[PDB]
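Asker: Pasting in a structure now, in structure tokens, and then I'll have a few things to ask.
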Amino acid sequence: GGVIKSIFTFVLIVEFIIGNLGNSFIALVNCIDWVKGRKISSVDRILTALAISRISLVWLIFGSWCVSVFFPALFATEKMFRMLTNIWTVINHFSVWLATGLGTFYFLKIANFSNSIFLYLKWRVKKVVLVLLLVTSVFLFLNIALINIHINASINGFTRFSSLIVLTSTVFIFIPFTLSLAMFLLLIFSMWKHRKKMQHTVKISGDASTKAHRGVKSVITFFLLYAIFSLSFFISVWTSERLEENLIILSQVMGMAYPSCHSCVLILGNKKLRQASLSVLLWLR
Amino acid sequence: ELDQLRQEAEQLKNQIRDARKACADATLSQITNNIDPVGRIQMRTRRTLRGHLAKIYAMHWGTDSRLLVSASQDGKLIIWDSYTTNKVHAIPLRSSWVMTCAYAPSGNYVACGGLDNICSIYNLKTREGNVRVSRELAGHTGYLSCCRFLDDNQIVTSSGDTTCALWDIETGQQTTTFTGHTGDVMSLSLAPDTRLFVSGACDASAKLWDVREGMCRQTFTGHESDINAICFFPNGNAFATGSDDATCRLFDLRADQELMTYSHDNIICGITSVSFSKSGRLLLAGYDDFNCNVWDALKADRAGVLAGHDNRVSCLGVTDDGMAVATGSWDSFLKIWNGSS
Amino acid sequence: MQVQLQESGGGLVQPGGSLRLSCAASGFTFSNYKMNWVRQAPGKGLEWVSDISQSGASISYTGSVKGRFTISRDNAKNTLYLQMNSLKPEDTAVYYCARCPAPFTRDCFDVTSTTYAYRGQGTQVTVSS
Amino acid sequence: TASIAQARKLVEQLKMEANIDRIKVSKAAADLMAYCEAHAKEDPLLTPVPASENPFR
Amino acid sequence: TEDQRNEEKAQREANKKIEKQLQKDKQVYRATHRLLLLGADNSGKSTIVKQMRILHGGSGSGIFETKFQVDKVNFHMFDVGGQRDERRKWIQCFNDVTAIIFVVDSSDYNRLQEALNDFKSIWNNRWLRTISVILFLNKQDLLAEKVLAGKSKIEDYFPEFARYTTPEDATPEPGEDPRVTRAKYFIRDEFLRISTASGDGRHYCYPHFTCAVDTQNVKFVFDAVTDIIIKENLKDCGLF
Ligand SMILES: CC(C)CCC[C@@H](C)[C@H]1CC[C@H]2[C@@H]3CC=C4C[C@@H](O)CC[C@]4(C)[C@H]3CC[C@]12C
Ligand SMILES: COc1cccc2c1cc([N+](=O)[O-])c1c(C(=O)O)cc3c(c12)OCO3
Ligand SMILES: COc1cccc2c1cc([N+](=O)[O-])c1c(C(=O)O)cc3c(c12)OCO3
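Following this line, the structure appears as structure tokens:
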């Protein structure tokens, strides 16, 4: 009871910290490059948007935890609860679908498929990602409607209800995540086919290929870890009818896991961000 | 007797050097010591002209200071209305490799040329619609680096075959061929009185040719690398040469020697394009460091920096009224720069 | 002033001998120009032989002069030196020193061209017995 | 005989260039001074034109 | 006024037509790849242009351009043969080309050092630091015919061949002597030492020994171009 709660609180503090450094690092580096008149690619624009959305999510979750501990009164007003849930759903929807849009950018520019549809979408990457967000606005609306329906039903008649809304939002985050994972797998398949073709054609390697392979391994590791952790969380909420009295802290840590870990992966993957991280590490020493 | 001719050449070169030294009573920096400094001049990008696909290699302003013709490596000549940033004509080019463009002073014909060895003259104000290739001039055994219209009928073209030429459009044949350059002739400028023109080559030299007579009057040396930008003083008695030694140099016709050298230790990139403002006080030089530098001409102070181009600024031109300066880079962008009071 | 590169040295030398070719350059900052040595055999074209960078750190040669010849670059005297050890009859050629086009660059092309502005008149080295 | 003709052309051009009237650097520098000063007021890049008259506002 | 309003409307209409044409031209331009053929006169670069001009169609005055469609992917190959031997000033017209196919004679041993120097110059240009070179070591048949026949051992030039062993990677063709492999891969290793001992992560050199079969050469060009496109997409996505 107390021990697990304290452990989750410490994990939440660590997630706050790493999310802050990571996302502030992305935003600060890109803003530094912008104000200094440097190159501003589309990928760093999406990185800025993602970092800002993620830092907003991290602030929201930590404010939720602050309300639940240092001032545990507004947390049960039956109105602040709904307000917080709705703001979280909107911001998280924007952030997760922006991450999937970054995935679509990567897939539509890096992958080399011969299918006519892939080429047709390949030349309109900005249009494709904008249409993706504008369409998935329907998912946002239906998720808001379902969360509101559940909260109204509970208020009319909350741990089981909180579990059910946890599950609903988890599904609405799993859909974009599963699309992003499938797209990453398709990109890796394109990588493997192209490497087979060039091995038949004979080609040399280099250090940049090694760095790219390290980045791919990092992304695979993060995807697998998040998939198993989130599936575990879903199973724990659905199956453990013990109601998991400390479900709120577990929900907060699961919600904040993505904006911190994925920001770290993005830092380690982007070449500009990696160079900035190396420069900062050198400057520290 | 080849050795005798070489000895005579050395003796004559030494005599010319002695005459230049005698004529060098003072240095331009000494006379311009009392001039009030031009001050920090900071002009902004009034209009960005987008629409080109590949890099922009050369642009020329029309005499009205409103329409400007731009050549891109994708095979496009775009005539932009600078005032309303609207494209008037977008001529497709037979050979995509274009390194020169010219606007006729009459505002009727547009010239282009490049790796195709051919100067293509396009009639804009045709009897019917569309823009068509009025003429194609062939005879240069090298890449056309700069072409300029004297009148509506005569065009002077400098090519990479170490040769400039004067072409009659109606005849289609060279009238006077200017030979004497050892390296490729890269940039070519005409005097305000279209009687003499000075051409800069890759042999670290510039030469002042007489259009009608066809003889090289004077040869100006002093650069350590390729003179790849030439521009007459508005007076017509001086010119400015930008080289790959990261130096601009103000040569003078009457004294037949350098007047002053604009260079700085920070800049190590070559100069791409050189243009004198209307008063001749400002030398706007395009550089490979993705930005242009505005030097004072009488002094040597770096008055300003026209930062704002991602790639090298390939072309630079001031309007005949001096109201704006168009800098076109390799990032498929031309930017018009104007000063704010 | 004018870009000038006057070469000195070179003459009838018995096979297996040694000879110093000194190219004195005037009219430009010698320090920041990669400099090459190029020879022209009779009845043949121009062949690049050696090159030395601005500071003198990078020196490269062809196969035929890999160990025999050496290149020195005296910046104080604005001179280039080609030391020629164990001369062979295959080296009978007109030798030129070439200041390659641009300063602060090592990517310079027209050093072996038929006509080239920044190339000396050269000295004729004959290794006839 | 190509070298002979090239050298003859070079020396003829140099002879044409040598006997050319040359003015002192001071006088021609003063001419450039006068041109820069007289036309300084009408240069829009040096002295910016008011936005009322500037067509690139 | 009314006349001015009509004139501005006409100007905007012409601008809109120009923009539509420019969008179509942009689609075509991004659908075509630029290949610049560079090499010595003894190298058979013109043979290459003619070989793929009459194999998938082509355009047909200086530059000998050609355009074809290999599995719906458009290619725009071109050779600049109408210019002089000075090339420091017009080579700059080819900084945005997809690739530079450098054809090397690789069978004379006299101009091979000239070829290596040209390769160094191309590799090191500031305007060609971002351009990958598809190296086509042509005249392999002549290389073999001379290597087996002896006559002129390659060791006379390039003395390092005395202390060179066949790379452990290797890929000998079915019927081939070890000496042919050693000479072939020695020339290729000289070119790759020139390539790798310079800027990396911006451009790569793709070696290919030209065979009598045309389809293999076209396939290698297509595959190298695909690799270049993928790598530049990686670079623009910041994953490199
Ligand atoms: C597993 C992945 C998808 C992350 C899921 C995070 C979701 C399930 C989290 C993040 C924010 C959380 C909410 C934050 C605050 C409150 C108010 C409280 O009175 C009831 C729980 C409730 C309403 C939480 C429910 C679960 C929640 C919506
Ligand atoms: C070194 O990082 C990467 C290298 C190569 C691909 C990807 C990637 C990093 C990520 N990512 O952001 O973690 C993705 C994502 C995503 O997770 O959005 C989705 C994808 C991806 C990648 O390839 C196509 O689909
Ligand atoms: C269709 O080919 C691909 C599709 C998707 C990705 C890649 C890829 C081809 C290659 N490649 O060049 O073989 C790479 C490389 C490399 O090997 O350089 C490194 C990478 C890659 C890819 O994704 C991130 O890290």
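Protein chains in written order, with the entry's author numbering: chain R, 2 to 158, 172 to 299; chain B, 3 to 343; chain N, 1 to 129; chain C, 6 to 62; chain A, 5 to 64, 70 to 249.
Note that the Cβ used here is the ideal one computed from N, Cα and C, for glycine as well.
In angstroms with no decimal places, state the Cα-to-Cα distance between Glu-6(A) and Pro-60(C).
Answerer: 21 Å
Asker: Is the number of C-beta pairs between the region 313-332 of chain B and the region 32-44 of chain B that are closer than 8 Å three or more?
Answerer: no
Asker: Ends of the beta strand (DSSP E) at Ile-157(B)?
Answerer: 156-161
Asker: Does the region 213-227 of chain R come within contact of the region 116-132 of chain R, defined as at least 3 CB pairs closer than 8 Å?
Answerer: Judged by Cβ distances under 8 Å, the region 213-227 of chain R makes no contact with the region 116-132 of chain R, as fewer than three pairs qualify.
Asker: Which residues of chain N have a Cβ atom closer than 7 Å to the Cβ of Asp-232(A), listed in chain order?
Answerer: Within chain N, no residue comes near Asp-232(A); the closest Cβ sits about 28 Å away, beyond 7 Å.
Asker: What's the C-alpha gap between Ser-141(A) and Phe-73(A)?
Answerer: 21 Å
Asker: Does any residue of chain N have a CB that is nearer than 8 Å to the CB of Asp-105(A)?
Answerer: no
Asker: Just list the beta strand (DSSP E) runs in the region 69-101 of chain B, keeping only unbroken ones of 3 residues or longer that don't cross its boundaries, in chain order.
Answerer: 69-74, 78-83 and 88-94
Asker: For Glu-164(A), I'd like the list of residues in its chain whose CB is within less than 6 Å of its CB, leaving aside the five on either flank, ordered along the chain.
Answerer: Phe-170 and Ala-171
Asker: Kindly provide the ranges of any beta strand (DSSP E) runs that are 3 or more residues long and lie completely inside the region 268-295 of chain B, ordered along the chain.
Answerer: 273-278 and 284-289
Asker: What number of angstroms, rounded off, separates the C-alpha of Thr-126(N) from the C-alpha of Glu-7(N)?
Answerer: 15 Å
Asker: Shorter than 8 Å from the beta carbon of residue 67(A) to some beta carbon of chain N?
Answerer: Not modelled: residue 67(A), which lies between 64 and 70, the two residues flanking a gap in chain A.
Asker: At a cut-off of 7 Å, is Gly-64(R) close to ligand 1 when judged by its beta-carbon and the heavy atoms of the ligand?
Answerer: no
Asker: Taking 8 Å as the threshold (beta carbon to beta carbon), is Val-294(R) in contact with chain A?
Answerer: Chain A contact via Cβ: absent.
Asker: Identify the continuous alpha helix (DSSP H) that holds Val-127(N) and give its terminal residues.
Answerer: Segment: none, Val-127(N) is in no alpha helix (DSSP H) and carries neither H nor E.
Asker: Quick check on DSSP: helix, strand or coil for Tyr-107(R)?
Answerer: helix
Asker: For residue 2(B) and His-62(B), I'd like the C-alpha separation in whole angstroms.
Answerer: Absent from the structure is residue 2(B), since the part of chain B shown begins at 3 and ends at 343.
Asker: Should the region 179-191 of chain B be regarded as contacting the region 217-230 of chain B, the criterion being three or more beta carbon pairs within less than 8 Å?
Answerer: yes
Asker: For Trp-297(R), count neighbouring C-beta atoms within 10 Å of its own C-beta (all shown protein chains included) and say buried if the count is 16 or more, exposed if not.
Answerer: exposed
Asker: Is it right to say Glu-12(B) is buried, meaning 16 or more other beta carbons lie within 10 angstroms of its own, or is it exposed?
Answerer: exposed
Asker: Find the residues of chain B that neighbour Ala-12(C), judging by a C-beta separation of less than 8 Å, and give them in chain order.
Answerer: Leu-4, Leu-7, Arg-8 and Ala-11
Asker: Please find out if some non-hydrogen atom of ligand 1 comes closer than 7 Å to the beta-carbon of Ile-100(A).
Answerer: Not under cutoff, so the answer is no.
Asker: With a threshold of 7 Å (Cβ to nearest heavy atom), would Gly-269(R) be considered close to ligand 1?
Answerer: Yes.
Asker: Give the residues from the region 88-121 of chain N that approach chain B closer than 9 Å (Cβ to any Cβ), ordered along the chain.
Answerer: Listed in sequence order: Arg-99, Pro-101, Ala-102, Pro-103, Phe-104, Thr-105, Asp-110, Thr-115, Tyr-116, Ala-117, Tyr-118 and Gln-121.
Asker: What does a CB cutoff of less than 6 Å around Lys-148(A) pick up in its chain, not counting 5 residues either side in sequence?
Answerer: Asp-114, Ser-115 and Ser-116
Asker: Could you list the residues in the region 210-236 of chain A with a C-beta less than 9 Å from some C-beta on chain N, going in chain order?
Answerer: none
Asker: Using beta carbons (cut-off 8 Å, strictly below), is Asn-242(A) in contact with chain R?
Answerer: yes
Asker: Going by alpha carbons, who is nearest to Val-132(R) out of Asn-116(R), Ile-150(R), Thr-105(R) and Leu-261(R)?
Answerer: Taking the Cα of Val-132(R) as reference, the smallest distance to any Cα among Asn-116(R), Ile-150(R), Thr-105(R) and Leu-261(R) is reached at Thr-105(R).
Asker: With a cut-off of 8 Å, do at least 3 Cβ pairs link the region 105-112 of chain N to the region 68-87 of chain N?
Answerer: no
Asker: Excluding the 5 residues flanking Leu-41(A) on each side, which residues of the same chain have their C-beta closer than 6 Å to its C-beta?
Answerer: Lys-49, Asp-88 and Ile-110
Asker: Reducing DSSP to helix, strand and coil, say where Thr-184(B) ends up.
Answerer: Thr-184(B) falls in the coil class under three-state DSSP.
Asker: With a CB to CB cut of under 7 Å and the five nearest residues on each side skipped, what residues in its chain are close to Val-135(B)?
Answerer: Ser-122 and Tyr-124
Asker: Take every Cβ of the region 294-303 of chain B, pair it with every Cβ of the region 37-45 of chain C, and state whether three or more of those distances are shorter than 8 Å.
Answerer: yes
Asker: Please list, in chain order, the chain B residues whose beta carbon lies closer than 8 Å to that of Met-1(N).
Answerer: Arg-19, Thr-223 and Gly-224
Asker: Under 7 Å from any heavy atom of ligand 3, does the C-beta of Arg-209(R) make it?
Answerer: yes
Asker: Examine chain A for any beta-carbon lying closer than 8 Å to the beta-carbon of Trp-124(R), and answer yes or no.
Answerer: For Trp-124(R), a Cβ of chain A is located within less than 8 Å of the residue's own Cβ.
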